[PDB]
Amino acid sequence: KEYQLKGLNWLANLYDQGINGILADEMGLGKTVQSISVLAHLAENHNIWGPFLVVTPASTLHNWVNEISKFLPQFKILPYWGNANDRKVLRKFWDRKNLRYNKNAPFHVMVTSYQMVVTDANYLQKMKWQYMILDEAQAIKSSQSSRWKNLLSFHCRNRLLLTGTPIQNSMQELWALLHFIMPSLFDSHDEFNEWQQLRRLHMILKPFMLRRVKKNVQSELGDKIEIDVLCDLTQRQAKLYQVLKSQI
Amino acid sequence: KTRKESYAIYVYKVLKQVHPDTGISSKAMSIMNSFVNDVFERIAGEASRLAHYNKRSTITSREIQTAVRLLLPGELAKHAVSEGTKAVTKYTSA
Amino acid sequence: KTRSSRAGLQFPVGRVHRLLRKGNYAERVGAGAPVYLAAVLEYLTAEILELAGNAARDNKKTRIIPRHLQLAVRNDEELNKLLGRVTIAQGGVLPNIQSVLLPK
Amino acid sequence: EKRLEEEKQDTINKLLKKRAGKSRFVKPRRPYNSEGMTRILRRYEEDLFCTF
DNA sequence: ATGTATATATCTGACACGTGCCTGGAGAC
DNA sequence: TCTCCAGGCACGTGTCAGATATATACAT
């Protein structure tokens with residue numbers, strides 16, 4: 001019930017254009033309810049209740065489950081956490097063998113973590129997905145990660161990403177996310193590095209990201225001020241520096 | 001369920017009594033379970049035949065004493081008859 | 001009040017007495033014979049548990065694999081004669097290479 | 001009828017496991033202790049001296 | 001340019017303890 | 001052979017070992 005409905009309409013427009021998008025906005029405006037509104041809008045558009053994967057850290061896994069429970073309880077929610085007995089029980093629970101769209105299905109909402117994706121590389125290589133949403137994407141900043149290679153090997157071709165700040169390291173991570181958006185276009189980092197520096201960098205990523213700042217609504221959130229307190233060391237904390245520098 | 005008979009806990013905590021900081025696996029429990037009923041039927045048979053050779057109709061400490069003095073090659077019998085006699089004297093003491 | 005505690009022994013004495021009654025060995029069984037059975041059984045497993053323990057700290061492992069009891073049972077001639085004819089599942093071969101078979 | 005009952009029991013157990021895996025003051029005073037100990041009470045209207 | 005060193009931080013993963021129970025070992029004749 | 005009760009068997013929950021990851025300055 002905000003501007004983010006029109007933002008997800010723009011997301012549906014770029015979904016119609018066929019290019020996966022990156023949301024580079026800071027957390028605090030409720031991207032989870034907008035993501036499930038995207039889910040409900042696509043289910044109203046092309047009638048899909050089936051494969052929907054949510055990649056989410058273990059701190060926010062139950063938060064995502066609670067949000068999708070209280071906000072949109074129409075779908076069926078299935079979690080993925082626990083022991084090996086629960087692992088094979090849930091492996092029985094999503095046996096499927098029926099692609100495209102199903103209505104009376106138990107895999108409507110599927111939430112999982114990065115470590116349980118990573119430890120099931122031989123298991124998750126099957127059951128090719130139609131939609132993955134990855135939340136808190138600061139852990140895939142490097143292309144040397146095994147989780148990054150495991151998420152590269154999937155057979156879904158849909159890479160919508162949720163993060164708070166994707167600008168952690170603007171040397172390799174931008175090429176990595178552009179490669180995850182379209183693996184066909186970007187495969188070599190040398191052509192990205194070789195192809196005035198500050199002005200020309202903004203126009204590269206212009207049509208993908210959206211431009212939203214936190215200071216556009218009624219600022220009743222608190223207007224968080226920063227107070228830095230600077231103190232002096234104690235004599236117990238003084239000679240320990242010379243102790244640690246003595247042996248060097 | 002079924003009431004399975006096994007002396008795995010007995011061997012487990014004599015292991016714990018003599019080696020307080022040593023672990024063990026379930027295949028080991030099965031493997032010396034096979035050991036102890038192997039020797040249990042072997043020496044239960046031995047004494048049986050022997051006593052029947054002696055034409056005695058029972059099994060007291062005497063038949064099994066000569067059976068364990070006769071059967072195994074050495075050393076373990078030399079400690080075994082002494083510790084078994086000490087065991088039956090603490091029984092008759094009690 | 002248990003008879004094993006009265007005998008001062010740890011291996012059970014009522015269990016072996018039960019197995020001796022219906023084990024069809026003798027029609028009459030004395031009182032001291034199951035105690036003697038439990039005593040020699042406790043001595044045998046005490047001896048090879050010492051052997052498995054020193055094999056375990058020789059290989060520096062907290063868990064006694066059956067291979068530990070293979071090189072514990074092949075390091076003494078008394079159990080090399082008592083358990084020489086036996087066949088052990090997952091036992092391997094002890095290290096033994098002839099001097100003539102070695103080159104040079 | 002046995003297969004349908006087994007399937008229903010397995011479905012109920014799986015649903016219970018999924019539900020369990022998805023959705024599932026004032027400090028006490030010091031113990032006052034006094035045995036074999038003479039007692040003096042002091043109230044608004046009377047006093048007591050319980051001796052031994 | 002790259003290994004690395006040594007502590008994180010998550011985060012599973014295999015293993016030992018606290019309640020029921022029933023039945024067979026012990027006391028007595 | 002009559003009696004009877006607790007010893008051992010069965011089934012749960014916490015608690016220390018491996019595995020990926022950050023990370024940045026120093027040395028080769």
# chains A, B, ... in the order shown; residues from 1 in each chain; ligands from 1
>>> residues_around(residues="residue B:65", least_positions_apart="4", cutoff="12 Å", atoms="only C-alpha atoms (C1' of nucleotides)", output="NGL selection string")
(:B and (43-44 or 46-47 or 50-51 or 59-61 or 69-72 or 77-78 or 80-85 or 88)) or (:C and (32-37 or 39-40))
>>> select_by_dssp(residues="stretch 119-221 of chain A", states="strand (DSSP E or B)", output="number ranges by chain")
A: 132-134, 160-162
>>> write_last_selection(atoms="N, CA, C and O atoms", output="short mmCIF file (atom, residue, chain, number, x, y, z; two decimals), in the first residue's frame")
data_model
loop_
_atom_site.label_atom_id
_atom_site.label_comp_id
_atom_site.auth_asym_id
_atom_site.auth_seq_id
_atom_site.Cartn_x
_atom_site.Cartn_y
_atom_site.Cartn_z
N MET A 132 13.89 -18.30 -7.70
CA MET A 132 14.65 -18.21 -6.46
C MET A 132 14.77 -16.76 -6.02
O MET A 132 15.06 -15.88 -6.84
N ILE A 133 14.56 -16.53 -4.73
CA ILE A 133 14.78 -15.24 -4.10
C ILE A 133 15.84 -15.45 -3.03
O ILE A 133 15.66 -16.27 -2.12
N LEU A 134 16.96 -14.73 -3.14
CA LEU A 134 18.04 -14.82 -2.18
C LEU A 134 18.11 -13.53 -1.38
O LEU A 134 18.26 -12.45 -1.95
N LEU A 160 16.66 -13.09 -9.31
CA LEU A 160 16.30 -11.89 -8.56
C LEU A 160 16.93 -11.93 -7.17
O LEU A 160 16.84 -12.95 -6.47
N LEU A 161 17.55 -10.82 -6.77
CA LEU A 161 18.40 -10.78 -5.59
C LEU A 161 17.89 -9.73 -4.60
O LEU A 161 17.46 -8.65 -5.00
N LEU A 162 17.95 -10.07 -3.32
CA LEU A 162 17.62 -9.15 -2.23
C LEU A 162 18.86 -8.93 -1.38
O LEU A 162 19.46 -9.89 -0.91
#
>>> residues_around(residues="residue A:75", least_positions_apart="3", cutoff="8 Å", atoms="only C-alpha atoms (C1' of nucleotides)", output="PyMOL selection string")
chain A and resi 49+72+108-109
>>> closest_atom_pairs(of="chain A", to="chain F", cutoff="9 Å", atoms="only C-alpha atoms (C1' of nucleotides)", output="CSV")
residue,atom,partner,partner_atom,distance
A:115,CA,F:20,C1',8.7
A:139,CA,F:21,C1',8.8
A:145,CA,F:21,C1',8.5
A:146,CA,F:20,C1',8.2
>>> interface_residues(of="chain B", to="chain C", cutoff="8 Å", atoms="only C-alpha atoms", output="PDB file with N, CA, C and O atoms, in the first residue's frame")
ATOM      1  N   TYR B  10      28.216 -54.821  29.850  1.00  0.00           N
ATOM      2  CA  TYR B  10      29.171 -55.345  30.819  1.00  0.00           C
ATOM      3  C   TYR B  10      30.598 -55.128  30.343  1.00  0.00           C
ATOM      4  O   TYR B  10      31.434 -54.596  31.087  1.00  0.00           O
ATOM      5  N   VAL B  11      30.873 -55.484  29.082  1.00  0.00           N
ATOM      6  CA  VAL B  11      32.188 -55.237  28.503  1.00  0.00           C
ATOM      7  C   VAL B  11      32.434 -53.736  28.348  1.00  0.00           C
ATOM      8  O   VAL B  11      33.570 -53.267  28.534  1.00  0.00           O
ATOM      9  N   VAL B  14      33.416 -52.505  31.937  1.00  0.00           N
ATOM     10  CA  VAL B  14      34.740 -52.900  32.432  1.00  0.00           C
ATOM     11  C   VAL B  14      35.806 -52.164  31.621  1.00  0.00           C
ATOM     12  O   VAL B  14      36.865 -51.795  32.149  1.00  0.00           O
ATOM     13  N   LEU B  15      35.509 -51.878  30.341  1.00  0.00           N
ATOM     14  CA  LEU B  15      36.340 -50.968  29.554  1.00  0.00           C
ATOM     15  C   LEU B  15      36.396 -49.583  30.189  1.00  0.00           C
ATOM     16  O   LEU B  15      37.460 -48.960  30.254  1.00  0.00           O
ATOM     17  N   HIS B  19      39.822 -48.372  31.619  1.00  0.00           N
ATOM     18  CA  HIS B  19      40.270 -47.309  30.720  1.00  0.00           C
ATOM     19  C   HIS B  19      39.231 -46.197  30.784  1.00  0.00           C
ATOM     20  O   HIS B  19      38.276 -46.187  29.991  1.00  0.00           O
ATOM     21  N   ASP B  21      39.072 -43.147  29.874  1.00  0.00           N
ATOM     22  CA  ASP B  21      39.041 -42.130  28.826  1.00  0.00           C
ATOM     23  C   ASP B  21      39.231 -42.762  27.450  1.00  0.00           C
ATOM     24  O   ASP B  21      40.035 -42.305  26.636  1.00  0.00           O
ATOM     25  N   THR B  22      38.490 -43.833  27.170  1.00  0.00           N
ATOM     26  CA  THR B  22      38.604 -44.522  25.890  1.00  0.00           C
ATOM     27  C   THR B  22      37.220 -44.854  25.347  1.00  0.00           C
ATOM     28  O   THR B  22      36.352 -45.330  26.085  1.00  0.00           O
ATOM     29  N   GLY B  23      37.023 -44.598  24.051  1.00  0.00           N
ATOM     30  CA  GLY B  23      35.761 -44.850  23.392  1.00  0.00           C
ATOM     31  C   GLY B  23      35.743 -46.172  22.634  1.00  0.00           C
ATOM     32  O   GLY B  23      36.720 -46.917  22.587  1.00  0.00           O
ATOM     33  N   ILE B  24      34.592 -46.442  22.018  1.00  0.00           N
ATOM     34  CA  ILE B  24      34.312 -47.744  21.423  1.00  0.00           C
ATOM     35  C   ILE B  24      33.190 -47.574  20.402  1.00  0.00           C
ATOM     36  O   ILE B  24      32.462 -46.579  20.416  1.00  0.00           O
ATOM     37  N   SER B  25      33.066 -48.540  19.488  1.00  0.00           N
ATOM     38  CA  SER B  25      32.089 -48.506  18.407  1.00  0.00           C
ATOM     39  C   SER B  25      31.195 -49.740  18.470  1.00  0.00           C
ATOM     40  O   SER B  25      31.546 -50.743  19.086  1.00  0.00           O
ATOM     41  N   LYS B  27      30.221 -51.958  16.198  1.00  0.00           N
ATOM     42  CA  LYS B  27      30.797 -53.152  15.585  1.00  0.00           C
ATOM     43  C   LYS B  27      31.733 -53.875  16.544  1.00  0.00           C
ATOM     44  O   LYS B  27      31.807 -55.109  16.524  1.00  0.00           O
ATOM     45  N   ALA B  28      32.415 -53.130  17.419  1.00  0.00           N
ATOM     46  CA  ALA B  28      33.246 -53.760  18.439  1.00  0.00           C
ATOM     47  C   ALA B  28      32.399 -54.526  19.452  1.00  0.00           C
ATOM     48  O   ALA B  28      32.750 -55.651  19.819  1.00  0.00           O
ATOM     49  N   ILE B  31      31.456 -57.617  17.947  1.00  0.00           N
ATOM     50  CA  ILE B  31      32.568 -58.525  17.687  1.00  0.00           C
ATOM     51  C   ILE B  31      33.051 -59.207  18.982  1.00  0.00           C
ATOM     52  O   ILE B  31      33.292 -60.429  18.994  1.00  0.00           O
ATOM     53  N   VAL B  36      32.658 -63.715  23.283  1.00  0.00           N
ATOM     54  CA  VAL B  36      32.324 -64.281  24.589  1.00  0.00           C
ATOM     55  C   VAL B  36      31.284 -65.391  24.497  1.00  0.00           C
ATOM     56  O   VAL B  36      31.405 -66.381  25.226  1.00  0.00           O
ATOM     57  N   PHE B  40      32.075 -69.159  25.483  1.00  0.00           N
ATOM     58  CA  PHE B  40      31.103 -69.650  26.451  1.00  0.00           C
ATOM     59  C   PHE B  40      30.597 -71.025  26.022  1.00  0.00           C
ATOM     60  O   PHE B  40      30.630 -71.971  26.817  1.00  0.00           O
ATOM     61  N   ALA B  44      31.747 -74.457  27.814  1.00  0.00           N
ATOM     62  CA  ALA B  44      30.598 -75.156  28.379  1.00  0.00           C
ATOM     63  C   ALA B  44      30.485 -76.563  27.809  1.00  0.00           C
ATOM     64  O   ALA B  44      30.168 -77.512  28.540  1.00  0.00           O
ATOM     65  N   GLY B  45      30.770 -76.717  26.511  1.00  0.00           N
ATOM     66  CA  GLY B  45      30.845 -78.047  25.934  1.00  0.00           C
ATOM     67  C   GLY B  45      31.980 -78.861  26.516  1.00  0.00           C
ATOM     68  O   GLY B  45      31.834 -80.065  26.742  1.00  0.00           O
ATOM     69  N   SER B  48      31.327 -80.211  29.721  1.00  0.00           N
ATOM     70  CA  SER B  48      30.227 -81.198  29.617  1.00  0.00           C
ATOM     71  C   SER B  48      30.847 -82.548  29.266  1.00  0.00           C
ATOM     72  O   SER B  48      30.825 -83.428  30.124  1.00  0.00           O
ATOM     73  N   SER B  57      27.594 -86.598  36.931  1.00  0.00           N
ATOM     74  CA  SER B  57      26.328 -86.113  36.326  1.00  0.00           C
ATOM     75  C   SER B  57      26.086 -84.639  36.659  1.00  0.00           C
ATOM     76  O   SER B  57      24.914 -84.221  36.625  1.00  0.00           O
ATOM     77  N   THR B  58      27.140 -83.881  36.970  1.00  0.00           N
ATOM     78  CA  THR B  58      26.935 -82.471  37.396  1.00  0.00           C
ATOM     79  C   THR B  58      28.049 -81.562  36.877  1.00  0.00           C
ATOM     80  O   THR B  58      28.871 -82.037  36.072  1.00  0.00           O
ATOM     81  N   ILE B  59      28.069 -80.307  37.329  1.00  0.00           N
ATOM     82  CA  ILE B  59      29.108 -79.359  36.944  1.00  0.00           C
ATOM     83  C   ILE B  59      29.314 -78.421  38.134  1.00  0.00           C
ATOM     84  O   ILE B  59      28.593 -77.435  38.332  1.00  0.00           O
ATOM     85  N   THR B  60      30.295 -78.756  38.961  1.00  0.00           N
ATOM     86  CA  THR B  60      30.775 -77.902  40.032  1.00  0.00           C
ATOM     87  C   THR B  60      32.059 -77.232  39.560  1.00  0.00           C
ATOM     88  O   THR B  60      32.400 -77.273  38.376  1.00  0.00           O
ATOM     89  N   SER B  61      32.778 -76.595  40.490  1.00  0.00           N
ATOM     90  CA  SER B  61      34.009 -75.889  40.145  1.00  0.00           C
ATOM     91  C   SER B  61      35.131 -76.813  39.678  1.00  0.00           C
ATOM     92  O   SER B  61      36.054 -76.341  39.004  1.00  0.00           O
ATOM     93  N   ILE B  64      35.065 -77.643  35.500  1.00  0.00           N
ATOM     94  CA  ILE B  64      35.406 -76.426  34.776  1.00  0.00           C
ATOM     95  C   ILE B  64      36.814 -75.961  35.146  1.00  0.00           C
ATOM     96  O   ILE B  64      37.510 -75.359  34.317  1.00  0.00           O
ATOM     97  N   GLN B  65      37.277 -76.277  36.364  1.00  0.00           N
ATOM     98  CA  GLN B  65      38.641 -75.943  36.766  1.00  0.00           C
ATOM     99  C   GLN B  65      39.664 -76.713  35.942  1.00  0.00           C
ATOM    100  O   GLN B  65      40.601 -76.122  35.388  1.00  0.00           O
ATOM    101  N   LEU B  72      42.945 -73.620  27.118  1.00  0.00           N
ATOM    102  CA  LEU B  72      43.635 -72.515  26.465  1.00  0.00           C
ATOM    103  C   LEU B  72      45.155 -72.691  26.592  1.00  0.00           C
ATOM    104  O   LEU B  72      45.612 -73.327  27.553  1.00  0.00           O
ATOM    105  N   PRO B  73      45.970 -72.165  25.624  1.00  0.00           N
ATOM    106  CA  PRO B  73      47.414 -72.481  25.581  1.00  0.00           C
ATOM    107  C   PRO B  73      48.267 -72.130  26.798  1.00  0.00           C
ATOM    108  O   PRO B  73      49.165 -72.907  27.138  1.00  0.00           O
ATOM    109  N   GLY B  74      48.036 -71.001  27.460  1.00  0.00           N
ATOM    110  CA  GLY B  74      48.866 -70.655  28.605  1.00  0.00           C
ATOM    111  C   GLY B  74      48.624 -69.233  29.062  1.00  0.00           C
ATOM    112  O   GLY B  74      47.824 -68.494  28.477  1.00  0.00           O
ATOM    113  N   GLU B  75      49.334 -68.869  30.141  1.00  0.00           N
ATOM    114  CA  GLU B  75      49.336 -67.555  30.794  1.00  0.00           C
ATOM    115  C   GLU B  75      47.973 -67.151  31.356  1.00  0.00           C
ATOM    116  O   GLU B  75      47.829 -66.968  32.574  1.00  0.00           O
ATOM    117  N   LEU B  76      46.990 -66.971  30.467  1.00  0.00           N
ATOM    118  CA  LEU B  76      45.655 -66.553  30.879  1.00  0.00           C
ATOM    119  C   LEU B  76      45.010 -67.585  31.794  1.00  0.00           C
ATOM    120  O   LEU B  76      44.275 -67.230  32.716  1.00  0.00           O
ATOM    121  N   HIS B  79      46.730 -67.007  35.360  1.00  0.00           N
ATOM    122  CA  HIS B  79      46.017 -66.019  36.174  1.00  0.00           C
ATOM    123  C   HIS B  79      44.559 -66.410  36.420  1.00  0.00           C
ATOM    124  O   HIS B  79      43.986 -66.047  37.458  1.00  0.00           O
ATOM    125  N   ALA B  80      43.947 -67.160  35.498  1.00  0.00           N
ATOM    126  CA  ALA B  80      42.506 -67.378  35.524  1.00  0.00           C
ATOM    127  C   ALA B  80      42.069 -68.311  36.641  1.00  0.00           C
ATOM    128  O   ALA B  80      41.056 -68.061  37.299  1.00  0.00           O
ATOM    129  N   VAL B  81      42.818 -69.394  36.873  1.00  0.00           N
ATOM    130  CA  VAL B  81      42.440 -70.323  37.942  1.00  0.00           C
ATOM    131  C   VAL B  81      42.647 -69.684  39.315  1.00  0.00           C
ATOM    132  O   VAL B  81      41.845 -69.886  40.237  1.00  0.00           O
ATOM    133  N   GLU B  83      42.399 -66.337  39.947  1.00  0.00           N
ATOM    134  CA  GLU B  83      41.392 -65.306  40.167  1.00  0.00           C
ATOM    135  C   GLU B  83      40.003 -65.925  40.314  1.00  0.00           C
ATOM    136  O   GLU B  83      39.167 -65.413  41.064  1.00  0.00           O
ATOM    137  N   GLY B  84      39.759 -67.061  39.654  1.00  0.00           N
ATOM    138  CA  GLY B  84      38.499 -67.762  39.843  1.00  0.00           C
ATOM    139  C   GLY B  84      38.360 -68.394  41.214  1.00  0.00           C
ATOM    140  O   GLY B  84      37.274 -68.373  41.810  1.00  0.00           O
ATOM    141  N   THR B  85      39.449 -68.974  41.734  1.00  0.00           N
ATOM    142  CA  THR B  85      39.422 -69.475  43.104  1.00  0.00           C
ATOM    143  C   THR B  85      39.235 -68.337  44.099  1.00  0.00           C
ATOM    144  O   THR B  85      38.487 -68.470  45.072  1.00  0.00           O
ATOM    145  N   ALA B  87      37.600 -65.624  43.448  1.00  0.00           N
ATOM    146  CA  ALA B  87      36.200 -65.240  43.279  1.00  0.00           C
ATOM    147  C   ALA B  87      35.259 -66.155  44.059  1.00  0.00           C
ATOM    148  O   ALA B  87      34.319 -65.685  44.718  1.00  0.00           O
ATOM    149  N   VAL B  88      35.502 -67.468  44.015  1.00  0.00           N
ATOM    150  CA  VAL B  88      34.588 -68.374  44.712  1.00  0.00           C
ATOM    151  C   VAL B  88      34.823 -68.310  46.222  1.00  0.00           C
ATOM    152  O   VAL B  88      33.900 -68.537  47.014  1.00  0.00           O
ATOM    153  N   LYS B  90      35.475 -65.331  47.705  1.00  0.00           N
ATOM    154  CA  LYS B  90      34.672 -64.192  48.168  1.00  0.00           C
ATOM    155  C   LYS B  90      33.182 -64.507  48.114  1.00  0.00           C
ATOM    156  O   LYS B  90      32.392 -63.899  48.846  1.00  0.00           O
ATOM    157  N   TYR B  91      32.769 -65.421  47.230  1.00  0.00           N
ATOM    158  CA  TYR B  91      31.372 -65.851  47.245  1.00  0.00           C
ATOM    159  C   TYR B  91      31.053 -66.620  48.525  1.00  0.00           C
ATOM    160  O   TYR B  91      30.049 -66.340  49.192  1.00  0.00           O
ATOM    161  N   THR B  92      31.896 -67.590  48.887  1.00  0.00           N
ATOM    162  CA  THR B  92      31.625 -68.395  50.074  1.00  0.00           C
ATOM    163  C   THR B  92      31.892 -67.610  51.353  1.00  0.00           C
ATOM    164  O   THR B  92      31.382 -67.964  52.422  1.00  0.00           O
ATOM    165  N   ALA B  94      30.880 -64.442  51.558  1.00  0.00           N
ATOM    166  CA  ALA B  94      29.625 -63.711  51.667  1.00  0.00           C
ATOM    167  C   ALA B  94      28.477 -64.653  52.015  1.00  0.00           C
ATOM    168  O   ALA B  94      28.104 -64.785  53.181  1.00  0.00           O
TER     169      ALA B  94
END
>>> interface_residues(of="chain A", to="chain D", cutoff="9 Å", atoms="only C-alpha atoms", output="PyMOL selection string")
chain A and resi 62+65-66+77-82+86+89-90+93
>>> write_last_selection(atoms="N, CA and C atoms", output="mmCIF file, in the first residue's frame")
data_model
loop_
_atom_site.group_PDB
_atom_site.id
_atom_site.type_symbol
_atom_site.label_atom_id
_atom_site.label_comp_id
_atom_site.auth_asym_id
_atom_site.auth_seq_id
_atom_site.Cartn_x
_atom_site.Cartn_y
_atom_site.Cartn_z
ATOM 1 N N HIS A 62 13.068 -17.932 10.440
ATOM 2 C CA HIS A 62 11.792 -17.939 11.145
ATOM 3 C C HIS A 62 11.078 -16.599 11.027
ATOM 4 N N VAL A 65 9.325 -16.937 7.759
ATOM 5 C CA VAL A 65 8.207 -17.861 7.951
ATOM 6 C C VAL A 65 7.044 -17.167 8.656
ATOM 7 N N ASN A 66 7.340 -16.392 9.705
ATOM 8 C CA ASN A 66 6.300 -15.674 10.436
ATOM 9 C C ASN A 66 5.656 -14.585 9.584
ATOM 10 N N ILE A 77 3.454 -23.422 3.494
ATOM 11 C CA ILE A 77 4.816 -23.075 3.876
ATOM 12 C C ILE A 77 5.536 -24.339 4.319
ATOM 13 N N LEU A 78 6.695 -24.599 3.717
ATOM 14 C CA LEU A 78 7.521 -25.740 4.070
ATOM 15 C C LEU A 78 8.906 -25.232 4.449
ATOM 16 N N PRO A 79 9.411 -25.568 5.631
ATOM 17 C CA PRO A 79 10.758 -25.149 6.018
ATOM 18 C C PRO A 79 11.800 -26.205 5.664
ATOM 19 N N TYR A 80 13.067 -25.800 5.760
ATOM 20 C CA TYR A 80 14.176 -26.735 5.568
ATOM 21 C C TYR A 80 15.236 -26.432 6.626
ATOM 22 N N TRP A 81 15.084 -27.047 7.800
ATOM 23 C CA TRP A 81 16.111 -27.034 8.834
ATOM 24 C C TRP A 81 15.857 -28.200 9.777
ATOM 25 N N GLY A 82 16.939 -28.796 10.268
ATOM 26 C CA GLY A 82 16.821 -29.886 11.206
ATOM 27 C C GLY A 82 17.856 -30.953 10.938
ATOM 28 N N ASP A 86 14.634 -35.466 9.542
ATOM 29 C CA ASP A 86 13.764 -34.439 8.982
ATOM 30 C C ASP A 86 14.151 -34.107 7.547
ATOM 31 N N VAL A 89 12.572 -36.845 5.534
ATOM 32 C CA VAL A 89 11.123 -36.650 5.595
ATOM 33 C C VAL A 89 10.692 -35.537 4.640
ATOM 34 N N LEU A 90 11.423 -34.418 4.632
ATOM 35 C CA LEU A 90 11.100 -33.340 3.705
ATOM 36 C C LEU A 90 11.509 -33.679 2.274
ATOM 37 N N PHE A 93 8.644 -35.303 1.194
ATOM 38 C CA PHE A 93 7.555 -34.337 1.107
ATOM 39 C C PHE A 93 7.550 -33.543 -0.197
#
>>> atom_distance(atom1="atom CA of residue A:36", atom2="atom CA of residue A:206")
25.7 Å
>>> select_by_dssp(residues="chain B", states="alpha helix (DSSP H)", output="short mmCIF file (atom, residue, chain, number, x, y, z; two decimals) with C-alpha atoms, in the first residue's frame")
data_model
loop_
_atom_site.label_atom_id
_atom_site.label_comp_id
_atom_site.auth_asym_id
_atom_site.auth_seq_id
_atom_site.Cartn_x
_atom_site.Cartn_y
_atom_site.Cartn_z
CA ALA B 8 27.61 -55.31 25.61
CA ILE B 9 27.09 -53.02 28.61
CA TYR B 10 29.17 -55.34 30.82
CA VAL B 11 32.19 -55.24 28.50
CA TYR B 12 31.48 -51.51 27.97
CA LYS B 13 31.88 -50.55 31.58
CA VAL B 14 34.74 -52.90 32.43
CA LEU B 15 36.34 -50.97 29.55
CA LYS B 16 35.23 -47.79 31.34
CA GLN B 17 36.54 -49.12 34.68
CA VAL B 18 40.01 -50.04 33.42
CA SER B 26 29.02 -50.72 17.94
CA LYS B 27 30.80 -53.15 15.58
CA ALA B 28 33.25 -53.76 18.44
CA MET B 29 30.35 -54.65 20.80
CA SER B 30 29.07 -57.13 18.22
CA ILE B 31 32.57 -58.53 17.69
CA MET B 32 33.42 -59.34 21.29
CA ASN B 33 29.83 -60.45 21.83
CA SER B 34 30.72 -63.08 19.21
CA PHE B 35 33.95 -63.71 21.21
CA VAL B 36 32.32 -64.28 24.59
CA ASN B 37 29.54 -66.58 23.46
CA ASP B 38 32.08 -68.41 21.23
CA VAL B 39 34.22 -69.21 24.28
CA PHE B 40 31.10 -69.65 26.45
CA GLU B 41 29.76 -72.51 24.32
CA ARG B 42 33.29 -73.89 23.74
CA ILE B 43 34.19 -74.24 27.42
CA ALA B 44 30.60 -75.16 28.38
CA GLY B 45 30.84 -78.05 25.93
CA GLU B 46 34.36 -79.02 27.02
CA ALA B 47 33.42 -79.38 30.69
CA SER B 48 30.23 -81.20 29.62
CA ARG B 49 32.03 -83.96 27.65
CA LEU B 50 34.80 -84.16 30.31
CA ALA B 51 32.36 -84.62 33.22
CA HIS B 52 30.51 -87.24 31.11
CA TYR B 53 33.90 -88.88 30.39
CA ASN B 54 34.39 -88.83 34.20
CA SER B 61 34.01 -75.89 40.15
CA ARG B 62 36.16 -79.03 39.69
CA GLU B 63 35.23 -79.99 36.10
CA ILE B 64 35.41 -76.43 34.78
CA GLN B 65 38.64 -75.94 36.77
CA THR B 66 40.39 -78.79 34.96
CA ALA B 67 38.75 -77.70 31.68
CA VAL B 68 40.19 -74.18 31.92
CA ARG B 69 43.52 -75.60 33.11
CA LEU B 70 43.55 -77.86 30.04
CA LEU B 76 45.65 -66.55 30.88
CA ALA B 77 44.88 -69.90 32.53
CA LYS B 78 47.65 -69.26 35.08
CA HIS B 79 46.02 -66.02 36.17
CA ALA B 80 42.51 -67.38 35.52
CA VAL B 81 42.44 -70.32 37.94
CA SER B 82 43.89 -68.11 40.69
CA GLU B 83 41.39 -65.31 40.17
CA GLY B 84 38.50 -67.76 39.84
CA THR B 85 39.42 -69.48 43.10
CA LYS B 86 39.66 -66.03 44.71
CA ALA B 87 36.20 -65.24 43.28
CA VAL B 88 34.59 -68.37 44.71
CA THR B 89 36.21 -67.68 48.09
CA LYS B 90 34.67 -64.19 48.17
CA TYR B 91 31.37 -65.85 47.24
CA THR B 92 31.62 -68.39 50.07
CA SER B 93 32.84 -65.63 52.39
#
>>> closest_atom_pairs(of="chain B", to="chain F", cutoff="12 Å", atoms="only C-alpha atoms (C1' of nucleotides)", output="JSON lines")
{"residue": "B:1", "atom": "CA", "partner": "F:10", "partner_atom": "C1'", "distance": 8.6}
{"residue": "B:2", "atom": "CA", "partner": "F:9", "partner_atom": "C1'", "distance": 9.7}
{"residue": "B:3", "atom": "CA", "partner": "F:9", "partner_atom": "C1'", "distance": 7.3}
{"residue": "B:4", "atom": "CA", "partner": "F:9", "partner_atom": "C1'", "distance": 8.3}
{"residue": "B:5", "atom": "CA", "partner": "F:9", "partner_atom": "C1'", "distance": 9.4}
{"residue": "B:6", "atom": "CA", "partner": "F:9", "partner_atom": "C1'", "distance": 10.2}
{"residue": "B:7", "atom": "CA", "partner": "F:8", "partner_atom": "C1'", "distance": 10.3}
{"residue": "B:8", "atom": "CA", "partner": "F:8", "partner_atom": "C1'", "distance": 11.2}
{"residue": "B:9", "atom": "CA", "partner": "F:8", "partner_atom": "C1'", "distance": 9.1}
{"residue": "B:10", "atom": "CA", "partner": "F:8", "partner_atom": "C1'", "distance": 10.5}
>>> residues_around(residues="residue A:98", least_positions_apart="6", cutoff="12 Å", atoms="only C-alpha atoms (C1' of nucleotides)", output="list in words")
residues 50, 51, 104, 105, 107, 127, 128 and 129 of chain A
>>> interface_residues(of="chain A", to="chain E", cutoff="12 Å", atoms="only C-alpha atoms (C1' of nucleotides)", output="ChimeraX atom specification")
/A:57-59,81-84,113-116,118-119,139
>>> atom_distance(atom1="atom CA of residue A:38", atom2="atom CA of residue A:152")
23.6 Å
>>> atom_distance(atom1="atom CA of residue C:86", atom2="atom CA of residue C:72")
14.7 Å
>>> closest_residue(among="C:98, C:70, C:59, C:2", to="chain F", atoms="only C-alpha atoms (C1' of nucleotides)")
C:2
